[PDB]
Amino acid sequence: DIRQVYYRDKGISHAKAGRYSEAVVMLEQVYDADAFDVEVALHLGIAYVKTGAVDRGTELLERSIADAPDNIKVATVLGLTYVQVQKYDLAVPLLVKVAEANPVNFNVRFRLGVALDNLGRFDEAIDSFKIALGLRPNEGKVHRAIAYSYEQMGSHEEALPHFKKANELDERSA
């Protein structure tokens, strides 16, 4: 049975190390939908999404949240994954949940702002962006996002400073 142990232990290790193609090749052989292992599904799911099997990976991630609906780690990948695929609606609750549990995770907060902006919730997106800026004040992309949000509400007077600040911090990357 160490035949399966190789593929599962190793495949996860590939998945964690960004070696996504090799993670698919192995974990494909270990995942069993009727004998569910969350740590396998999670990584095989990440690795399907990375290698362009988005629908397949998404559903595997959805099944993993089902097996453990309060596991923050799966909620993070799932939440992030939905944003990439432009399933913004489905992203928000998960990202809100994760940001609450994980206040120092910048990308989660930033993508939650992104998901919100896309949903037309401009003022909500700006609130989230500002929380993200609080974590990483040197991050010019966030001042730009805030600026676009304002712009989409016609508040050009409020956008301009944020655009200027964005420009300056891309200078600060010298």
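All residue numbers are counted from 1 along the displayed sequence.
For the pair 68-76 and 98-106, the mean Cα B-factor is higher in 68-76. Look at the mean CA B-factor for 162-170 and for 16-24 in the entry; the higher one is 162-170. Across 147, 61, 47, 35, the entry's maximum B-factor at the CA atom is seen for 35. Residue 29 sits in the highest third of its chain by CA B factor, as recorded in the PDB entry. Among the modelled residues of its chain, residue 83 has a C-alpha B-factor that falls in the middle third, as given in the PDB entry.
In the PDB entry, residue 117 places in the middle third of its chain by CA B-factor. Ranked against the other modelled residues of its chain, the C-alpha B-factor of residue 127 as given in the entry falls in the lowest third.
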